[PDB]
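K.L.:
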Amino acid sequence: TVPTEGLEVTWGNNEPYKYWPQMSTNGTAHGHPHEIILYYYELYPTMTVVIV
Amino acid sequence: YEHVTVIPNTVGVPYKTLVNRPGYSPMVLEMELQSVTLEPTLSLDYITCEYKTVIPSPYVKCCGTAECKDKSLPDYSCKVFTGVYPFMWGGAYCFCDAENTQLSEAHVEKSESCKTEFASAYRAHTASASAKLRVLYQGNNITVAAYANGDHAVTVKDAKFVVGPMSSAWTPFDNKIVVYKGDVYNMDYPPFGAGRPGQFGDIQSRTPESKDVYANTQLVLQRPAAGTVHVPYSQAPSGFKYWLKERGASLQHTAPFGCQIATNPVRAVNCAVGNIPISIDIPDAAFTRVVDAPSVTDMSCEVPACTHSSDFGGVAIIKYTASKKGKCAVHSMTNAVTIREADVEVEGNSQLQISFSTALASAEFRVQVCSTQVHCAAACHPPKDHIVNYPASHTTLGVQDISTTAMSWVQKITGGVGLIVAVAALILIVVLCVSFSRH
Ligand SMILES: *[C@@H]1O[C@H](CO)[C@@H](O)[C@H](O)[C@H]1NC(C)=O
Ligand SMILES: *[C@@H]1O[C@H](CO)[C@@H](O)[C@H](O)[C@H]1NC(C)=O
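Written out as structure tokens, the structure is:
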């Protein structure tokens, strides 16, 4: 798993790899059904459902 | 004019710092540091190395009983044994049997390997701060090496940069560092002259040339048997030759924030923590007045493609009307979005594109171009891939980021029943105005 901060992984003697997450893919819309909330599970989850 | 600013402490990420000045053509710069180096102090506590147990050939006194001589040796260990009986070429080395005694003595030294191979327990405290940076300065790629104190500044091409002092007092080390030849370890060593048995630092030296040696190994002799003409001893366990196997992991692979560890001298590389203040002094020989600057007007901005990723997130196109042919710069007036291309060529009545990135989907912003403010708006889309191997810190936005018309949605939600409880207060007080006269 990758944190919002980022990962770094070394394999063998070879050169390290860096990794970072995007705003991942998807989940609802700017839609006619209200539904921005699953964009939340896109956009930095597990907090802020405390806010709703 | 001069200018004091703050950039976030990270590598490979440029930053557009504006220089606006009254009555003059503005000038933008871009910061991009390649290595910020934390260099700790150096104070050697003690070297350590692999020891060497030396015994000489053992003394034999038959028809006699030998005895030791006390001597300040590194782990002097002596013993006389009775009842022994050696064997060699011609049987017993001696003639009689029950009186043959053997004197034995053992001591320890350093090795020959301590000249070129050693570990060192080391005392290191709060660091300096060195840095190397690159600026594009009117199309001029300029490197700079500078220390982040406050007076090791730099003059390049009529440009005064001073960096530091670092706000981040955090360090990737402790007060106790052991180092060996390609790595360091944030370890807790035993002090000098109190080395444990069976531990690196059982033998100790202050320099690589200190003949005075501390030892704690217990080379305890044992009893040799009949014919076994030799010296039997309790083996001292090494420090190194299992401490090489009980390394754990170096600080190269457990440092926080991706801090690299170099050597000779040992230093932390790219410790991305916090932020750096940077001051720039550039005098007025380099500026231009606005009468010589091509000023533009009549801008129409639109964003035909925006994708809120960490990459070049979107391309907007803005129509301008230039007064004459020339060069001038662009910059955001909000810290959310950022703009890659610093300055741009303009000629007349034309348009130009610009690449930008952000995090917030409802991209509502303003761009300062060429001493002129322009307003823009769009709604973006999430990117369609999950991972990447490069960040860009426009995304670092709080909880007062800008949502969509979801703002208008939640504005619609907070309808409120204060009006109905207000008419409740009014109906109870019109009960109470039967007699609510002089309270
Ligand atoms: C070899 O060891 C010596 C001993 O300190 C050291 O000075 C030198 O830099 C080392 N050379 C290499 C190539 O490791
Ligand atoms: C300056 O250097 C950077 C990286 O080396 C490069 O991407 C850029 O094109 C250069 N710009 C100029 C004007 O030399």
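As you go down the protein sequences, you meet chains E and A in turn.
So for the first sequence, the authors' numbering puts the first residue at 320; every next one is plus one.
So for the second sequence, the authors' numbering puts the first residue at 1; every next one is plus one.
Note that CB positions come from ideal geometry on N, CA and C, so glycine has one too.
#1: Any C-beta of chain E sitting closer than 7 Å to the C-beta of A:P382?
#2: Does at least one heavy atom of ligand 2 sit under 6 Å from the Cβ of A:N141?
#3: Please report the distance separating the alpha-carbon of A:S357 from that of A:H125.
#4: Taking three-plus beta-carbon pairs below 8 Å as touching, is the region 101-119 of chain A in contact with the region 74-90 of chain A?
#5: Give the DSSP-derived three-state secondary structure of A:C114 in the structure shown.
#6: So what does A:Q260 bridge to, in DSSP terms?
#7: Quick one: which chain A residues come within Cβ less than 7 Å of E:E334?
#8: Ligand 1 and A:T48: does any heavy atom of the ligand fall closer than 6 Å to the residue's C-beta?
#9: Within the region 167-235 of chain A, note down every full beta strand (DSSP E) run reaching 3 residues or more, in order along the chain.
#10: Can you pull the chain E neighbours of A:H394, defined as C-beta to C-beta under 8 Å?
#11: Output needed in chain order: residues of the region 250-276 of chain A with a Cβ under 7 Å from some Cβ in chain E.
#12: DSSP beta-bridge partners for A:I317?
#13: Should A:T263 be listed as close to ligand 1, given that the test is whether its C-beta is under 6 Å from any heavy atom?
#14: Given a cut-off of 7 Å, decide if A:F87 and A:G227 are closer than it, judged by their beta-carbon atoms.
#15: Three or more C-beta pairs under 8 Å: does that hold for the region 164-172 of chain A against the region 190-202 of chain A?
#16: Which residue comes first and which comes last in the beta strand (DSSP E) that contains E:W339?
#17: Enumerate in chain order the residues of its own chain whose CB-to-CB distance from A:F312 is below 7 Å, with the five nearest sequence positions on each side excluded.
#18: For the region 349-371 of chain E, list every residue whose C-beta sits within 7 Å of some C-beta in chain A, in sequence order.
#19: Return the chain-ordered ranges of every alpha helix (DSSP H) run that is complete within the region 353-418 of chain A and spans a minimum of 4 residues.
#20: Decide if A:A316 is buried, meaning its Cβ has at least 16 other Cβ atoms within 10 Å, or exposed.
#21: Which residues, taken in chain order from the region 341-355 of chain A, show a beta carbon closer than 9 Å to some beta carbon of chain E?
#22: For A:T288 and A:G164, what's the separation of their Cα atoms in angstroms?
#23: Going by other Cβ atoms of all chains shown within 10 Å of its Cβ, with 16 needed for buried, is A:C63 buried or exposed?
#24: Contact criterion: CB-CB distance below 7 Å. Does A:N389 meet it with respect to chain E?
#25: Is there at least one non-hydrogen atom of ligand 1 closer than 6 Å to the beta-carbon of residue 497 of chain A?
#26: Locate the alpha helix (DSSP H) running through residue 458 of chain A, then write down its first and last residues.
#27: Taking three-plus beta-carbon pairs below 8 Å as touching, is the region 285-302 of chain A in contact with the region 13-30 of chain A?
#28: Determine whether the beta carbon atoms of A:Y46 and A:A121 lie at a separation below 7 Å.
#29: Report buried or exposed for A:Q373, applying the criterion of at least 16 other Cβ atoms within 10 angstroms of its Cβ.
#30: Pick helix, strand or coil for A:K325, following the three-state DSSP scheme.
#31: How would you list, in chain order, the residues of chain A whose beta-carbon sits under 9 Å from the beta-carbon of E:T344?
#32: In chain A, what lies closer than 8 Å to E:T329 by C-beta?
#33: List the DSSP bridge partners of E:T365.
#34: Ignoring anything shorter than 3 residues, give me the beta strand (DSSP E) runs that lie fully in the region 14-50 of chain A, in order along the chain.
#35: Tell me whether A:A106 sits in a helix, a strand or coil according to DSSP, three-state version.
#36: Indicate the three-state DSSP secondary structure (helix, strand or coil) for A:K71 in the structure shown.
P.N.:
In short:
#1: yes
#2: yes
#3: 41 Å
#4: yes
#5: helix
#6: A:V269
#7: Simply none; closest approach about 12 Å.
#8: no
#9: 176-180 and 183-185
#10: None at all; the shortest Cβ gap to chain E is about 12 Å.
#11: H253 and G258
#12: A:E302 and A:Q353
#13: no
#14: yes
#15: no
#16: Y336 to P340
#17: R340, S355 and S357
#18: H349, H353, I355 and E361
#19: 406-413
#20: buried
#21: none
#22: 29 Å
#23: exposed
#24: yes
#25: The structure shown does not extend to residue 497 of chain A, since chain A is modelled only from 1 through 439, so no value can be given for it.
#26: What the structure shows of chain A is the stretch from 1 to 439, and residue 458 of chain A is not part of that stretch, so it cannot be assessed.
#27: yes
#28: yes
#29: exposed
#30: coil
#31: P382, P383, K384, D385 and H386
#32: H253
#33: DSSP lists no partner for E:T365.
#34: 15-19, 27-38 and 43-48
#35: strand
#36: coil
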